[PDB]
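*Asks:* below is the sequence, then the experimental coordinates.
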Amino acid sequence: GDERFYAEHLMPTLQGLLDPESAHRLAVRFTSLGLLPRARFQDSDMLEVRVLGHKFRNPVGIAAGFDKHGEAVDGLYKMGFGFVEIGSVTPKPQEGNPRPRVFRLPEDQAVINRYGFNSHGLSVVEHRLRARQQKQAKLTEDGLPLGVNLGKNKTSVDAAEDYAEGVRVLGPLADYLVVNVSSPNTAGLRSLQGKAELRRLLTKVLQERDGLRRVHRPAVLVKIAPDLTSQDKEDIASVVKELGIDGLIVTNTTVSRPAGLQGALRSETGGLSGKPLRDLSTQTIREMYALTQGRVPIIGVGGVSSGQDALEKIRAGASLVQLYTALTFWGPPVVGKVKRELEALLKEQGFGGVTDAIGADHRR
Ligand SMILES: Cc1cc2nc3c(=O)[nH]c(=O)nc-3n(C[C@H](O)[C@H](O)[C@H](O)COP(=O)(O)O)c2cc1C
Ligand SMILES: O=C(Nc1c(F)cc(-c2cccc(OC(F)(F)F)c2)cc1F)c1ccsc1C(=O)O
Ligand SMILES: O=C(O)c1cc(=O)[nH]c(=O)[nH]1
């Protein structure tokens, strides 16, 4: 599994033969079948992180959206990810938007997607996870946690109830749950990021979570957008502190279109991911870390494709990071690359380990 071979030949050829969504479906199939290049990199103690009531062998996870229905969890761990997050999952099954709904921006090392929460639904995912529940229990104990990202149905009349249902159904199977109120492709979803609605929504979510039996009680995190106003961020930080939310995932895709995008499909509707989002995400992490006084665990996501990208987010305040778009361009080998580069940079910058670097920029 040569990083250069996948980056220079395999992936480019694959993308030249298959459209984005087809490539993705194949990716999921191959991953679930274990058809992956050998993960040479061996995790060192330096990369181990303890947060959210769990141990993570390494801080690099697969972001939500790649394995929406929980079909390739084990294959993703085999890829080298320190933790896996599936979803978003909606209460009832739904098809999402018509195709095409995902677009590549090669010149920008970016992607634009408007899937619209295509989901097999809670019931299907529930049984799929139950079939490997004990196997996961051992993985988690082994330092390989599982996260479940919750969404809401398009025609739902009670947003809060949709999330409450997800907590009750998939909460017992997850190490952590994500209340995703930052999808740019669901009408009025990001509005749930407002203070009044957010507090009511999260109060209900936490009540349902607290009602679960001890060993089946997951940490609850909120995934936010990179397009929030300063006021929005202040409010989120306030509610997080008020309710005791366990953590934040920063960030989801952006509806902004940074000047400089070259892709012919730059004006397609949807959320932009990849390099163009990287620093916007890092800065959002930096601000949320400060607003929460570094007391709230943050999973950094957005444009991570190298060890430097990962370390910048960690130094900005992230305890863990995730990636997705980088995988679509460079393939499976990118996971080992990021981990190897991160370890080298940590040493090079005098950090005994990842934990020591969390929020380092704020202390200089
Ligand atoms: C094709 C695609 C589908 C996604 N689906 C979801 C989703 O269902 N739920 C979610 O919370 N984020 C979703 N995301 C967002 C990613 O989890 C992540 O927040 C974002 O893409 C930034 O990371 P990246 O630049 O490494 O891709 C999706 C992203 C892409 C590119
Ligand atoms: O999943 C996308 N890409 C991917 C991807 F992440 C991973 C991928 C794999 C997975 C496992 C083994 C591989 O090596 C092999 F077996 F093939 F040799 C290649 C193939 C892919 F095509 C997306 C998503 C949204 S858009 C898009 C894309 O533009 O390709
Ligand atoms: O499913 C989608 O369209 C979607 C959801 C989400 O949270 N983020 C994203 O980029 N796309």
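*Replies:* Thanks, I have it. Residues are numbered from 1 along each chain as shown. Ligands and ions are numbered 1, 2, ... in the order given.

*Asks:* and the strands in this protein, which stretches?
*Replies:* 49-51, 54-56, 60-62, 83-89, 102-105, 110-113, 146-150, 176-180, 219-224, 247-250, 271-274, 298-301, 320-323 (DSSP state E).

*Asks:* partners of the nearest residue to residue 178 once chain neighbours are set aside in the sheet?
*Replies:* The shortest distance from residue 178 to any residue other than its chain neighbours is 4.2 Å, reached at residue 149 (Cβ to Cβ, 6 or more residues apart in numbering). Just so you know, the C-beta spots here come from the backbone N, C-alpha and C atoms, and that holds for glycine as well. Per DSSP bridges, the residues bridged to residue 149 are residue 87, residue 178.

*Asks:* how close does residue 149 get to residue 307?
*Replies:* Separation of residue 149 from residue 307 (Cβ to Cβ, to the nearest Å): 25 Å.

*Asks:* more crowded one of those two?
*Replies:* residue 149 (26 against 20; other Cβ atoms under 10 Å).

*Asks:* residue 223 contacts residue 252, doesn't it?
*Replies:* Yes. Between residue 223 and residue 252 there is a contact under Cβ atoms under 8 Å: 5.6 Å.

*Asks:* common neighbours of those two, please.
*Replies:* 180, 182 (Cβ atoms under 8 Å, 6 or more residues apart in numbering).

*Asks:* what is the burial count for residue 163?
*Replies:* If you count neighbours by other Cβ under 10 Å, residue 163 ends up with 26.

*Asks:* quick one, what contacts it?
*Replies:* 150, 152, 179, 201, 204, 205.

*Asks:* not counting sequence-adjacent ones, nearest residue to the second one?
*Replies:* Okay, so that is residue 152. Closest residue to residue 152 apart from its sequence neighbours, by Cβ to Cβ, 6+ apart: residue 162 at 3.7 Å.

*Asks:* now do the one you found against residue 172, distance only.
*Replies:* Going from residue 162 to residue 172 by Cβ to Cβ gives 17 Å.

*Asks:* what does residue 227 give?
*Replies:* For residue 227, the distance to residue 172 - Cβ to Cβ - is 33 Å.

*Asks:* quick one: contacts for the residue most central in space within the chain?
*Replies:* Central residue of the chain (Cα atoms, centre = their mean): residue 63, 2.8 Å from the mean position. Shown in contact with residue 63 (Cβ under 8 Å, 6+ apart): 85, 301, 322, 323, 324.

*Asks:* pull the most distant pair out of those residues.
*Replies:* Greatest spacing in the contacts of residue 63, by Cβ to Cβ: 85 and 323 (11.2 Å).

*Asks:* spit out the residues that contact these two alike.
*Replies:* With Cβ under 8 Å, 6+ apart as the test, residue 85 and residue 323 both reach 61, 62, 63.

*Asks:* thought the first one was touching residue 79?
*Replies:* It stands for residue 61. No. Residue 61 is beyond contact range of residue 79, at 10.6 Å (criterion: Cβ under 8 Å).

*Asks:* ligand 2 contacts on this structure?
*Replies:* 10, 14-15, 20, 23-24, 27, 30-31, 35-36, 102, 104, 111, 327-328, 331-332 (Cβ under 6 Å from any ligand atom).
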